[PDB]
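Just below is one structure, and these are the notes that go with it.
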Ligand SMILES: Cc1cc2nc3c(=O)[nH]c(=O)nc-3n(C[C@H](O)[C@H](O)[C@H](O)COP(=O)(O)OP(=O)(O)OC[C@H]3O[C@@H](n4cnc5c(N)ncnc54)[C@H](O)[C@@H]3O)c2cc1C
Ligand SMILES: Cc1cc2nc3c(=O)[nH]c(=O)nc-3n(C[C@H](O)[C@H](O)[C@H](O)COP(=O)(O)OP(=O)(O)OC[C@H]3O[C@@H](n4cnc5c(N)ncnc54)[C@H](O)[C@@H]3O)c2cc1C
Ligand SMILES: N[C@@H](CCCC[NH3+])C(=O)O
């Protein structure tokens, strides 16, 4: 099922219609739709990737001793996300009997609820104070305002990150008279001082984001579109720099507090009625294999692996039959070869576009200044993944079965991932890094001395030594361990891990775990621009990077889907609800 | 003096010996040394720069209404920095009467002390608590430990940033039995629990840096070289993450607490010992020293700075291989035309970002061939810096008894310098400097906004005179928000009027990409610097400047790497005016 054939060879002067570069979710989706809907013969639609596997920022692994999937990248979806959810669970989404669902993909994918853990037992370690994540509510129940070691404005005393986030969004929304008048019924202040709520639809947000004005006559930002203010800028303005410190640390990875587009950050922070987080039992990269395999069933279909796009020109022998000559580097031989095509789908993030030849007709800055301006419209957020295997789930000593702990320590957030009921070998995702913490972790992960795998139950040295290459560094494992002991306190002994799995998503060609719209850009005009930057060229960009659901597979799918409907003459899939809002 | 001629023209197929690219301090210094010592005729040594001025990261400006120089880049030097000090002040450095000194450069430069201000009156604003910088020392004088809103380890309670830094570096140095035994006399615990001091020379540090071992039994970094540990990694290990938070915030810009090479951070933090040394500047603007070196170079006949001429690439494959090893292709920015220069030596007097912006596919940079060059180019952190000069109609900071110096905060602005009052006009200058600890991204969104602060007349400053600065004004959003932070910083007992003029430079802009550079942990710095001065054995191509110096942040770093390069590969002797006991390493 994950043995989808990959061709690391070359086919000099291959002639095709559509060259898809990026075997990520969006590249795979594009190929699947084109050939499934018979817009093109499989042999005329080809995917190229420089990697030695498909899926890009989806990579599921198994570590000896633990018979279940760890995620180095994407790990879960929301049933709000209708392209990825329908693909996994069949259609229609309304049918709630899973045996009256019609499958869309053949590949076996077993949906399973994402365990969220217990906030009575999940930790919050801020400025050396240890809390249960529930401590703000428990204090509110008892009429109290929880003291913390952040000096908030007095009006915000006792608030939780979530409630204070809600208050900031409510306050800013209601200060726009037009937003108050038109959507005030969807922007609700409850009875309790802490309770705010929203019923704003994706559609309502597309109306609000380009028009929202920041209405605060003493602020340096007064009478500016919220589109034009960084989220850090905006949060400090509303609740002081100590307010921003509290939210940026207490929010964890569920929160994006970088200084990105306030207008885009609003819906990102406050969310479709009755949705939940799920994953796939067979690994979250199963959705990529499933889309890939559906494409590769057609003979002529090919993923060219370990083949890196260098450049592309209109000035080549074959202009009578093919607009574009693409030059590929075949990595196994270090030889270049040519591919001829009439359409190019760059299914790749910002960093991957910047690593392509910047001097060709498409990227040359002396011609396409506007394209380069639009490529630079998104922040490249760093992420890494360190998976750690322990001989027993030491976290269960604190009544923690699953979920995440949050700290202002450089580790920021850990996920208690699961236990092998036969071995008791148990998995932590210790990581992701982010704001500032990239440089803290990068000095340690760049170090040359790798963690030494250690034998465990159902995990022999000769099984483990196959993972030598992908171990975290001793310095990074040592220091993460030191922080986990500090995070969890002295009432639990944490033993040394026996195996690790490390990936850094800042590495080329990814340059980022995820992307974030910059303040000052008309997101609603950039997105359609990137799906076809030049009027008289059949070159398209798709993927998560320039989507409005950054952070998610669903963003990559939606930009591919819109590109398909816009330029490749496809209708909405038969299996996708006509009410799922896509946009323009 | 600052009217040094620049040639924005071209001269196709110019045939020289040494092309120096970058008319910054190291490039100017290289050309000045080469001609003054008569190693080549001035027509055989040319300087090319893409800028419309010389000086690079030195740029001194005058704003209408204020008859004194503001600094967009470098401000100050230390009298222990012997090249930059001797070129400014003349020699010998022992002579304490300036009128008894012997000039080295003909251009006149008035050395003045850099006002450091009064720690009684300068502010520290941390987690919404307002301190005077001397509050820690005041508390200790009464036998007290000053509580703060940072939850230090108990053993560290009541330490100032300066004291806690010395304790950290003392503790780490002294835990190494070799360092203890060999340099314990120069690593000094005073009487008070807060008093740590260092007498380690430049030479002592060069012996210590590669050898020092982190000796803390249950540390994650135990038994590793301190050179292989990030400074944030080390600080946290030593005083907890709350301690790092205190030290990173309360440290000025003086302080470099990014996660760079710990071995290199130690000397940066506690000086190369000459305890009688002080900070000074040039009355005529700190860029004066670039102009003095550049003018000394230009008084030789055939000397030329090619301005607005950008190096694109260079090759060994050209028609003239019989006389000239290298063809350089420049872009003449005025005509948008490419012209060639032929040369046998290339001096890239430019930082990391500048190197990376050159053609990476040529024989020199090609990563498929020169993996070691590329690793080493990437051995320094590009640290962001912005400068915003703000001119007010009076020095509102005098209401708090502040004459000069720096106030420090955890607010995004991080630090402001009170730069001076024009005694005729009362027009008074403030610098906000910011960029470290993620404040880059806070400020970038505001400085990338396109509505600019509008100038406004004041005494001896007419809109006619101010409108020439329209293009260099800060954004309105940035000036508004910095003004809001200065009000929060100083408190509600002083009214801060809106300013009448600003001046913004972003040093992350190309081709600089950084204010200054920082060695990464885990590199053999003592081996990377010699490499960078001549990466390839078969090639007379050399890199000099501040970025790969061991005095990062400083003009003296640029001068020293050029000086070493001149002695190593251009057969120059030590300048007659430079003490032979000024340590330049190997
Ligand atoms: C740590 C982390 C956690 C995440 N968690 C989740 C989550 O829980 N849920 C979720 O839905 N999403 C999550 N995501 C995001 C999700 O993984 C991505 O949004 C999605 O996989 C991106 O797909 P894409 O189509 O944009 O392409 P990418 O995944 O970016 O793939 C692009 C491909 O292009 C290839 N390429 C680049 N340049 C070239 C070239 N010159 N020639 C050939 N090939 C080239 C690369 O090798 C790569 O395979 C997470 C991401 C990370 C990093
Ligand atoms: C905010 C700030 C504060 C500082 N404070 C001090 C201080 O107080 N005291 C002190 O001593 N030092 C200070 N410094 C450091 C000092 O300014 C620098 O270290 C010094 O100027 C570095 O000189 P350099 O030779 O490395 O070249 P740079 O000054 O980096 O100049 C390099 C030159 O190369 C040119 N160039 C690059 N690429 C090309 C190309 N392709 N073609 C043509 N030209 C090119 C650039 O235009 C530039 O003119 C400060 C720096 C900054 C940013
Ligand atoms: N979707 C990601 C989080 C997005 C991160 C954006 N900075 C996850 O669930 O892990």
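Protein chains in written order, with PDB author numbering: chain B, 1 to 271, 274 to 586; chain A, 1 to 586.
We treat Cβ as the ideally placed atom computed from N, Cα and C, and that holds for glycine.
beta-carbon residue i near ligand 2 non-hydrogen atom, thresh 7 Å
i, result
"residue 50/A", "yes"
"residue 349/A", "yes"
"residue 138/B", "no"
"residue 21/A", "yes"
"residue 363/A", "no"
Near ligand 3: residue i beta-carbon under 7 Å from a heavy atom
i, result
"residue 76/B", "yes"
"residue 261/B", "no"
"residue 256/B", "yes"
"residue 214/B", "no"
"residue 553/B", "yes"
"residue 548/B", "no"
"residue 383/B", "yes"
"residue 150/B", "no"
"residue 576/B", "no"
Exposure label - residue i; buried when at least 16 CB within 10 Å
i, result
"residue 221/A", "buried"
"residue 236/A", "buried"
"residue 507/A", "buried"
"residue 451/B", "exposed"
"residue 302/A", "exposed"
"residue 108/A", "exposed"
"residue 322/A", "exposed"
beta-carbon residue i near ligand 1 non-hydrogen atom, thresh 7 Å
i, result
"residue 455/B", "no"
"residue 387/B", "yes"
Through-space distance from residue j to residue i, alpha-carbon basis
i, j, result
"residue 564/A", "residue 558/A", "10 Å"
"residue 497/A", "residue 70/A", "20 Å"
"residue 366/B", "residue 331/A", "16 Å"
"residue 529/B", "residue 264/B", "13 Å"
"residue 361/A", "residue 408/A", "45 Å"
"residue 103/B", "residue 178/B", "44 Å"
"residue 13/A", "residue 336/A", "17 Å"
"residue 59/B", "residue 7/B", "19 Å"
"residue 293/A", "residue 199/A", "33 Å"
Identity of the residue in the options nearest residue i by Cα
i, options, result
"residue 363/B", "293/B, 349/B, 316/B", "316/B"
"residue 120/B", "507/B, 312/B, 405/B, 40/B", "405/B"
"residue 217/A", "192/A, 339/A, 175/A", "175/A"
"residue 232/B", "243/B, 469/B, 223/B", "243/B"
"residue 358/B", "328/B, 345/B, 342/B", "328/B"
"residue 15/B", "43/B, 25/B, 7/B, 35/B", "43/B"
"residue 388/B", "347/B, 297/B, 415/B", "415/B"
"residue 546/B", "12/B, 126/B, 193/B, 27/B", "27/B"
"residue 411/A", "395/A, 437/A, 289/A, 368/A", "437/A"
"residue 205/A", "432/A, 551/A, 347/A", "551/A"
"residue 304/A", "31/A, 25/A, 582/A", "31/A"
"residue 393/A", "457/A, 380/A, 417/A, 356/A", "457/A"
Alpha helix (DSSP H) runs wholly inside the stretch 41-91 of chain A, at least 4 long, in chain order: 82-89
Ignoring anything shorter than 3 residues or poking outside the stretch 399-462 of chain A, list the beta strand (DSSP E) runs there in chain order. 406-409, 415-421, 428-432
Scan the stretch 155-187 of chain B and note each continuous alpha helix (DSSP H) run of 4 residues or more that stays entirely inside, going in chain order. 161-175, 177-183
Every unbroken beta strand (DSSP E) inside the stretch 113-140 of chain A [3 residues or more]: 123-126, 129-132
What are the complete alpha helix (DSSP H) segments, minimum 4 residues, inside the stretch 220-295 of chain A? 231-250, 262-270
3-residue-minimum beta strand (DSSP E) runs that sit fully inside the stretch 516-577 of chain B, ordered along the chain: 516-519, 541-543
Contained alpha helix (DSSP H) runs [length at least 4] in the stretch 333-381 of chain A, N- to C-terminal order: 352-357, 371-377
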